[PDB]
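Coordinates in review
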Amino acid sequence: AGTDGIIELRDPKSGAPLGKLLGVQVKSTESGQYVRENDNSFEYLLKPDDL
Amino acid sequence: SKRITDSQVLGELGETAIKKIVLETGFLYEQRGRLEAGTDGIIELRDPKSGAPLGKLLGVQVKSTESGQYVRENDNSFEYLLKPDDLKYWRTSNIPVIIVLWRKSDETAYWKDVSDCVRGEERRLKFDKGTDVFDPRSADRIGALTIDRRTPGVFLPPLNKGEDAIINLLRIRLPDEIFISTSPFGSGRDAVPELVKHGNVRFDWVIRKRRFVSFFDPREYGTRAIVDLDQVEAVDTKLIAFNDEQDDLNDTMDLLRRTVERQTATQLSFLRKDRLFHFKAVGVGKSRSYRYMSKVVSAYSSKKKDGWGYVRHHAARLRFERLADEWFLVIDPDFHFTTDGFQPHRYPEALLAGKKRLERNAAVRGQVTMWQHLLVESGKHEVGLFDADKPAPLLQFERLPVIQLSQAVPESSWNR
Amino acid sequence: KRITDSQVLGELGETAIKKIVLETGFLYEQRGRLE
Amino acid sequence: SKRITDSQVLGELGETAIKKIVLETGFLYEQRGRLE
Amino acid sequence: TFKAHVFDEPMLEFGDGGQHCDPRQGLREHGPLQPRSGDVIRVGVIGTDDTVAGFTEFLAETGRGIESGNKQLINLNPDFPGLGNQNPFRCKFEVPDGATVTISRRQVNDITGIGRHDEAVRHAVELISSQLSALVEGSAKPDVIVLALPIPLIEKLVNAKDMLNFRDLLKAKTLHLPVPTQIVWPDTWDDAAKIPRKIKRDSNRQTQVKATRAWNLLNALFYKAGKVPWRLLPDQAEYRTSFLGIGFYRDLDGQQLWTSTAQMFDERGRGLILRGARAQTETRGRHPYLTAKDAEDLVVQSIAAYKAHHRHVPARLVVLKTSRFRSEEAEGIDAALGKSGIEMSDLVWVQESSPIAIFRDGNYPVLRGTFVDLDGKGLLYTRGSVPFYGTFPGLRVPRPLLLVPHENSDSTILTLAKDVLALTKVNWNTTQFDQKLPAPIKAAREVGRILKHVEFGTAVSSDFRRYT
Amino acid sequence: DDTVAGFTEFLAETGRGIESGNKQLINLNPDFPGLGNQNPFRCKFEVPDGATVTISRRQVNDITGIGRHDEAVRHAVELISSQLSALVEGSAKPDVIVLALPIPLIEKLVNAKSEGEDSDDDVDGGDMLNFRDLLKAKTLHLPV
Amino acid sequence: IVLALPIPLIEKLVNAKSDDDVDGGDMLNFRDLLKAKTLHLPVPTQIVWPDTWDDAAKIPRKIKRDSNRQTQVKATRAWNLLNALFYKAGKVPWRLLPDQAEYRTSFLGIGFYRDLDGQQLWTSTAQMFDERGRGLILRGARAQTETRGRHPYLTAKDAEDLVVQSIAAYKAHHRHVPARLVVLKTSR
Amino acid sequence: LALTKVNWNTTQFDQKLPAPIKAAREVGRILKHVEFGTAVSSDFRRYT
Amino acid sequence: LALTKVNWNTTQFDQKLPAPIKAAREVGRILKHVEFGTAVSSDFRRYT
Amino acid sequence: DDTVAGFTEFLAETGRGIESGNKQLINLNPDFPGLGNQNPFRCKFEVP
DNA sequence: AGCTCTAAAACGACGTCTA
DNA sequence: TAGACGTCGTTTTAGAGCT
RNA sequence: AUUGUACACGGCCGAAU
DNA sequence: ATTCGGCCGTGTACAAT
Ligand SMILES: [Ca+2]
Ligand SMILES: [Ca+2]
Ligand SMILES: [Ca+2]
Ligand SMILES: [Ca+2]
């Protein structure tokens, strides 16, 4: 699907799961170099269908 | 040793069973791992027309049961008590959460939004066995919870598998044989009074351009004085009925309507100023009822009221069209108003406008089915069941196959 | 993107089979995304 | 009232780390469900 | 048998590439397709002082926002966002100082004193048109002029105390003024005021909720200001097409029948030109069809209008008519196409009186956009249950459109139905997108009402701003 | 556009499977299985959008309006070759191109009878041009 | 298809040294002859010398027999070669960004080339126009006309038949004649 | 100037000649050896 | 007899003629209109 | 067989990325990215 | 300082009191 | 009869315990 | 006439007897 | 007169089950 995982919040003190979900998509690269990557910043181009 | 008790496998059986139900509905299920906190899965909506995942999620909690009865089960509804800790966790969620109950004994699944409290009791839900069933028929209802109805601009594409709709057409099975002749009479109207003196009135005949045509042989069951016997040579119906000439279309349509009138003459009266077929009223002030199939349904074809009153005969505008060299009949539901049931009413404005305003698609569709049942039955074999003085009807009407619609109206979700 | 009806059919079959194994008495473990 | 103790989170983290190590090796790892 | 199909709702464009299926919602998110230059749309008002002040506050009342008239259906009866960052037009409507013309009580009493309704209508038209000229020539210079008719005038001009129609006569007699007009009754901008009906004096006029009224009225004002609100989203690779709707209107005497045409085509870039025009030469007759010679001239004029904007003849020409295409019209149209070298052509008769219908189990009608092929004749449900609205917004039962293409049609009925269904969403006179008729067909009829009083040979503006 | 839409539906219809014409001889007249386990080619026959070229009614009337059959065939070949050239150099290049000839074009090119008075039927000549053979010969340079 | 010519074959075909006496100096060009003779094949072909995919390889020049040819750096060679390979595979890499309000235009370039006999002059033309949607068509055609001479210019009839052919090619994709037609020519 | 950036034979965009002019010359080199009257593909991929 | 079952123009395997004979006649129909000395593709998919 | 194997390695070599030939002018002489997310053609050049 | 049971959390239904 | 409270089953790690 | 639909009424047209 | 086809114009009810 569009997302690759769901992050659910949880209070680190009491351990109570807050129930708030958060979609996550993960792009994995192997020894790549992002577009216009300096030593402090870089860019990334999202696919139009993902938006 | 290690044991996997029947309770554990049953609990996993329910989660798999609900996933199977969701998947065949068309959505996507998302089983949560060991760290589930009260939601047994996540449901993502999908568009059945295009297959695109809609991206709207909702939590699922599944509570299985091998056998037994829920709280206050009465074969119509039951209740379920929610654990307070579960209810508190579900409230904090930013997505809707639905609880699904699965019973192994009768392999049934019921669903309900956890926020659908009954009688103000927050931790009690009241199911309904006739409308809370978990299955593909409820796809639109599930997706409706994923949006806030209070904010503008939120909507869901139709999620049902599809529907089936009637076409409001009746296929006409014409007899393969048509009786044509070059009658000496110049016009049809001129020959009408001449028929009365001779007798043997049938009135399924149309003559124009000095040429005669009918489905019945004029030599019997009808008069002969209007035609010359030598030139009466019977020919196949396909030669004139499906012939491209415009004049051959007009007489065929006129012949079809006049033929239809005799077949339904037992119950239908054909008005002339308005080309309207209306149910004839037996008894001046006696309302009628006609029964038709779908199931046994009795509709008040003739209805009368108090005061000076009127008689609301159910009416139709029967019209004939030719499609793909095959003749069809169109039913246009309408109403006819009469004071004593025989002569027309004089101010049917408020009655027609008042009556037509109220009915909806459900009522209009019922009238189409009623008329379709009547015309089909009116031409059936053995309708007279005598083989003499009542021959088999010439025209056979059969319902078209039901039209298949890919998308379906989310009518169930539109409850107010 | 899109999810073809054949793609969801495969998951329906695996879920149907997993359902069949469960009341048989055994245990079923659906494998990961890798085929 | 619902609580996810650090023990369960630590166990899940250990399982995830072992799966990550296995995938770094080049093998395939399948995680068993509730009925493990 | 008969094969069905349910078209998805065509997508619209609202500037900056904004795409949505709902005009009013699409305007909220992205704004108008063509952004208005400046930030204020100056609106002139003509009427009695109470009507002028009553409408002036209504424009301000829209700035603060109007609460949704039915919370159950906020997609069908949405709120008006107001002057915030969600302004549907990204502009504010003002009645600038000096842009107000007042009809005196003596002037109003002068109109109502005339016994003859037709004579009173003509006397009112020349009075109002004179006041229109003063507003245009003055330093105010509005963009759109609103005529707020007082209740006594409405009781006289519309109701009694064939006959002339005040709106059609007024629009025709002001076709020579640059600023478009807009008639508004007091019921629109004030819930307290009630106007009795014509035949039934006891009954009042039932109107939509104020939020819906503000959506439709201000959209018309914005369009009449000079900017196109929205447009059909163009496909990636489609033929450069021109749509020509042909309609007929009764003559003033009530016997003869003229031909009124409306043409819609995409402009170069972001735009949608809607042109209302009349046949240059009309042969006297009562015929609801066309002659081979005049049908040729209508196409030739249509091609020239398209060629003026694009500098190339259209690739495909779609002709929509209110009556069955006959052999004389088809061969007349073919002659004009051969002269201009148009490759493909469609000739569709948009019939609304067909008795064929479709019914489904349940209390709601079939979905909008459902199509069924009938031996090459299309049964399109341009109106029906709308999933976006959550209901079917209408009376008893929607009546489907029967599309009967001529034999000289290049495209299939499936493609034509999709185009016809899409054309129903570009009627800028309203924000509700479930219109029964396509815009070229509807605009042709609306043009005919105004042109009924315009004398033949008079040169009039082809802009649809003056007829909507 | 009638033939293009008609043939495109037929390709989808073969995907759903077609019942055998003669059940008595199920080997000589089998049934097309369609998509599934028994898909004969293990592939879907789809017509991608933008891979269709429509012959306008004026273009068909241009071919039918030519008196001599041999001239009409040659004119038709040049017309189809131009459309074929545009289809192979477009963005959506197909694997195989299907020429779904309309009924009027077949009548004029194969049956060689014109709606008006027929010229080449009156003057038979030594032989007659074959549209199919000439079209294949004149499109040998095209890659599809 | 990539034709990776070996070094000994390049020496014979290009440098012609392995040379015989010069006869007119109109030596055949292997690349142009190969491209022409395989125009009936359905797959485009690409010629690649060894020194582009291998920095160690060195082919001496034709006349300057003591010097190798100098080539661009390996990264630049990979950029140009793979872009050509992608284009010949059947897809357009990039296109000019079109202005929203622009006339539908068709570009027609006209050029001339010496005949194989070295005296006569033929006309070769190329046409550029963007198809409906995201695409760009570049056609290459020779004027189907018989007016042979040495003039580096067209005749009245020759140009008319050439422009008509270009318009018809445009009308095949757009189904409408272009709004603008820009003709670029190498001679006055 | 815009036409110089669509030659497709090189990734360096500072081309001197417009593409239609350049493409015409590239077609000419191949067509010297193609005898007149022979039908050939108009695709530029066969000449670049 | 074996060569009669490789006529890919049809799926009915009982064919009266071997494929080399059948294919040689099919290319004759197409090459009838091709001028001599003009290079044409030898692929049989262009002739079947 | 030397050039066929030699060019095939080059196609795979471009997949791994080629360092720029002149870092002083990184725009005139850029480095070929390879098969990462910066793949200029989003496809693999392979010899089957 | 090792084992070993023992706490502590979660989920899965299902008797049992407890009214 | 409903209805938490409970026992039973598992994982999960970590502690107080007897040693 | 903010907006259109549905219904009701009325007028008229095209082809042949 | 009929039988088939169709069209345009002015009013009310209603805001949608
Ligand atoms: Ca679970
Ligand atoms: Ca308006
Ligand atoms: Ca090159
Ligand atoms: Ca074949």
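The numbering shown runs from 1 along each chain in the order of its written sequence and may not match that of the entry; residues for which no coordinates exist are omitted. Labels follow written order: the first chain is A, the first ligand is 1, and so on. Any value reported refers to the chains on display, which are one part of a larger assembly. Note that water and hydrogens are dropped before the side-chain values are worked out from all heavy atoms of the structure.

- Header annotation of the entry names cryo-EM as the structure determination method and lists the resolution as 3 Å.

**A look at the coordination of the calcium ion (ligand 4)**
All names here are of chain I.
- The protein atoms donating to the calcium ion (ligand 4) are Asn9 (OD1), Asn9 (ND2) and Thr48 (O), with metal-donor distances spanning 2.4 to 3.0 Å. Highlighted residues: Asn9 in the segment before α1 (19-31) and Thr48 in the segment after α1, separated in sequence by 39 residues.
- A relative accessible area of 34% means that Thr48 is categorised as partly exposed. Distances decide who is a donor: an N, O or S atom must be within 2.8 Å of the metal, or within 3.2 Å for Na, K and Ca. Water is not included, so sites may look incomplete. For helices the rule is a DSSP run of H or I covering at least 4 residues; for strands it is a run of E covering at least 2, with both sets numbered from the N terminus onward. Between buried and exposed lies partly exposed: a residue is buried under 20% and exposed over 50% of the maximum accessible area for its type, with that area taken using a 1.4 Å probe on protein chains only.

**Comments concerning the interface of chain G and chain H**
- The interface is formed by 53 residues belonging to chain G together with 37 residues belonging to chain H.
- The contact between chain G and chain H buries some 4,100 Å² in all, and 64% of this surface belongs to carbon and sulfur atoms.
- Once two parts are brought into contact, the accessible area they lose, counted with a 1.4 Å probe and summed over both, makes up the buried area. Together, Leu39, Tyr87 and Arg142 of chain G form the three largest contributors to the area buried by chain G at its contact with chain H, with a combined 17%.
- Any carboxyl oxygen of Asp or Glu within 4 Å of a side-chain nitrogen of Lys or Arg constitutes a salt bridge here. Across the chain G-chain H interface, the total number found is 1 salt bridge. Note on contacts: a residue pair qualifies if any of its non-hydrogen atoms lie within 4.5 Å across the two residues.

**Points about the protein's contact with DNA strand L**
- One heavy atom within 4 Å of a molecule or strand is enough for the residue carrying it to be called near that molecule or strand. Neighbouring DNA strand L are 15 residues; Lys2, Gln8, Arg123 and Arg124 of chain B together with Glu15 of chain D lie closest to it.
- Backbone atoms, meaning sugar plus phosphate, form 91% of the atoms of DNA strand L positioned within 4 Å of the protein.
- Between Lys2 of chain B and DNA strand L, the recorded distance is 2.8 Å, taken from a side-chain N or O atom to a phosphate oxygen.
- Any N or O atom pair separated by 3.5 Å or less is treated as a polar contact, with the protein-specific requirement of one donor-capable and one acceptor-capable atom, and with residues adjacent in sequence counted only for side-chain atom pairs. With respect to DNA strand L, the side chain of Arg124 of chain B contributes an N or O atom lying 2.7 Å from a phosphate oxygen.
- Here the surface near DNA strand L is composed, by residue class, of 3 nonpolar, 4 polar and 8 charged. Put simply, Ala, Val, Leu, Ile, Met, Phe, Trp, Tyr, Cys and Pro go in the nonpolar bin, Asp, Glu, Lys and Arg in the charged bin, and everything else, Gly too, in the polar bin.

**What to know about the protein's contact with DNA strand N**
- With respect to spatial proximity, 43 residues lie near DNA strand N, and among them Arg189 of chain B together with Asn77, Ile199, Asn363 and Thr391 of chain E are the closest.
- Each atom of DNA strand N within 4 Å of the protein belongs either to a base or to sugar and phosphate, the latter forming 72%.
- Here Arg197 of chain E contributes a side-chain N or O atom positioned 3.3 Å from a phosphate oxygen of DNA strand N.
- Separating a phosphate oxygen of DNA strand N from a side-chain N or O atom of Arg445 of chain E is a distance of 2.9 Å.
- Contributing elements (two or more residues each) for the surface near DNA strand N: α5 (246-263) and β20 (319-323) of chain B together with β10 (241-250), β14 (344-351) and α12 (439-451) of chain E.
- Its residues assigned to classes, the surface near DNA strand N shows 13 nonpolar, 12 polar and 18 charged.

**Comments concerning the packing of aromatic side chains**
- In summary, the pairing rule links any two rings of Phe, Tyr or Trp, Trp by its six-membered ring, whose centres are within 6.5 Å, and it sorts them by plane angle into stacked for under 30 degrees, edge-to-face for over 60 and tilted for everything else. One pass over the structure, following the stated rule, counts 37 aromatic pairs over all chains.
- Considering the side-chain rings of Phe41 of chain J and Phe45 of chain J, the 5.8 Å spacing of their centres and the 90 degrees angle between planes classify their relative orientation as edge-to-face.
- In textbook terms, an aromatic cluster arises when at least three aromatic residues are bridged by ring pairs, as seen for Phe80, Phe89, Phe93, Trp215 and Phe222 of chain E.
- Whether a charge sits over a ring depends on NZ of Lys or CZ of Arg being within 6 Å of the ring centre and within 35 degrees of the ring normal. Taking the ring centre of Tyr289 of chain E as reference, the NZ or CZ of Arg326 of chain E above it sits at 3.6 Å.

**Describing the nonpolar core**
- Among the nonpolar cores identified, the biggest contains 72 residues, and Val43, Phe55 and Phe93 of chain E are the most heavily contacted of them.
- At 9 residues, helix α8 (residues 210-225) of chain E tops the list of elements feeding residues into this core.
- Discounting residues that sit within four places of it in the chain, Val43 of chain E has contacts with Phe55, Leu59, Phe93, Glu94, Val95, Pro96, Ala99, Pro142, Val144 and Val146 of chain E.
- We define a nonpolar core as any set of buried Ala, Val, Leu, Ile, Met, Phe, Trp, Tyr and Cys residues linked to one another through side-chain atoms lying within 4.5 Å. Among the nonpolar cores identified, the runner-up in size contains 34 residues, and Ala316, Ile331, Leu374 and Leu375 of chain B belong to it.

**A few points about the environment of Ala134 of chain E**
- Counting through the fold element by element, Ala134 of chain E comes out in helix α4 (residues 117-137).
- Placed 10 residues apart in sequence, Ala134 of chain E and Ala124 of chain E show a C-alpha to C-alpha distance of 16 Å.

**Side note on a nonpolar patch on the surface**
Residues and elements named next belong to chain F.
- Candidate patch residues must exceed 30% relative accessible area and have no salt bridge, after which like charges are joined if within 9 Å and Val, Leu, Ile, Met, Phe, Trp or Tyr side chains if within 5 Å. All accessible areas in this document rest on Shrake-Rupley with a 1.4 Å probe, and a residue is counted as covered only by the protein chains that are shown. Taken together, the side chains of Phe10, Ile18, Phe32, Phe41 and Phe45 define a hydrophobic patch exposed on the protein surface, amounting to about 460 Å² of accessible area.
- Along the polypeptide, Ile18 turns up in the loop between α1 (2-16) and α2 (57-64).
- Owing to a relative accessible area of 31%, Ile18 belongs among the partly exposed residues under this scheme.

**What about the coordination of the calcium ion (ligand 3)?**
All names here are of chain H.
- Distances from the calcium ion (ligand 3) to its protein donors, namely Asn9 (OD1) and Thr48 (O), fall within the range 2.3 to 2.5 Å.
- On the accessibility criterion, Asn9 (34% relative accessible area) is partly exposed.
- The exposure class assigned to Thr48 is buried, which follows from its relative accessible area of 10%.

**Some details on the packing of helix α3 (residues 105-112) of chain E against α4 of chain E**
Residues and elements named next belong to chain E.
- The geometry of α3 relative to α4 is characterised by a closest axis approach of 8 Å and an angle of 155 degrees between their N-to-C directions. In terms of their interaxial angle, α3 and α4 are classed as roughly antiparallel. Contacts from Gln107, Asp110 and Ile111 of α3 reach α4 at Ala120, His123, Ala124, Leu127 and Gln131.
- Partitioned by chemical class, the residues of the contact of α3 with α4 number 4 nonpolar, 3 polar and 1 charged. To obtain an axis, a line is fitted to C-alpha atoms, over the contacting stretch when the element is a helix, and the angle between two such axes runs from 0 to 180 degrees between their N-to-C directions. Roughly parallel covers angles under 35 degrees, roughly antiparallel covers those over 145, roughly perpendicular covers 65 to 115, and oblique covers all other angles.

**Some details on the arrangement of the chains**
- At no point do chain B and chain F touch; the closest pair of C-alpha atoms across them sits 16 Å apart.
- Note that chain B does not reach chain J: the shortest distance linking a C-alpha of one to a C-alpha of the other is 23 Å.

**Quick word on the environment of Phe155 of chain B**
- Position of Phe155 of chain B among the secondary structure elements: in the loop between α3 (139-144) and β9 (163-166).
- In the structure, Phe155 of chain B is positioned 77 residues away from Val232 of chain B in sequence and 67 Å away in space, judged by C-alpha atoms.
- Other than its neighbours up to four places away in sequence, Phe155 of chain B contacts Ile147 of chain B together with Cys21, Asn75 and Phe388 of chain E.

**Examining the sheet that holds strand β2 (residues 41-46) of chain B**
Residues and elements named next belong to chain B.
- The rule for pairing is simple: two strands pair if DSSP sees at least two bridges between them. As summarised here, the arrangement of the 5 strands in space is β1-β2-β3-β5-β6, forming an open sheet in which the pairing is mixed. Two strands bound the open sheet, and with one partner strand each, they are β1 (28-31) and β6 (108-113). Pairwise comparison of adjacent strand axes, ignoring direction, gives a mean angle of 30 degrees for this sheet.
- Pairing of strand β5 (residues 97-103) with β6 involves 6 bridges; the strand directions are antiparallel. Of the residues in β6, the one forming a bridge with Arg103 is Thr108.
- Contacts from helix α1 (residues 6-25) reach β1, β2, β3 (53-65), β5 and β6 within the one sheet, and its direction differs from that of β1 by about 155 degrees.

**With respect to the interface of chain E and chain G**
- Taken together, the 16 residues of chain E in the interface contact 15 residues of chain G.
- Both sides of the chain E and chain G interface together cover about 1,400 Å² of buried area, and 56% of this is carbon and sulfur.
- In this structure, the connection of chain E to chain G is made through 2 salt bridges.
- Taking the shortest distance from any N to any O, the salt bridge between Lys171 of chain G and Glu343 of chain E comes out at 3.8 Å.
- Class assignment of the residues belonging to the side of chain E that touches chain G gives a composition of 6 nonpolar, 5 polar and 5 charged.

**Considerations on the side chain of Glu329 of chain E**
- By the element assignment, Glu329 of chain E lies in helix α10 (residues 327-340).
- There is a polar contact of 2.6 Å between the side chain of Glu329 of chain E and the side chain of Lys321 of chain E.

**Focus on the pairing of strand β8 (residues 181-184) of chain E**
Residue and element names in this part refer to chain E.
- Residue alternation in β8 divides its side chains into two sets, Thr181 and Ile183 and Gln182 and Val184, and both sets are buried.
- Pairing between strand β7 (residues 144-148) and β8: 4 bridges, direction parallel. From the neighbouring strand, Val146 faces β8, where its bridge partner is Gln182.

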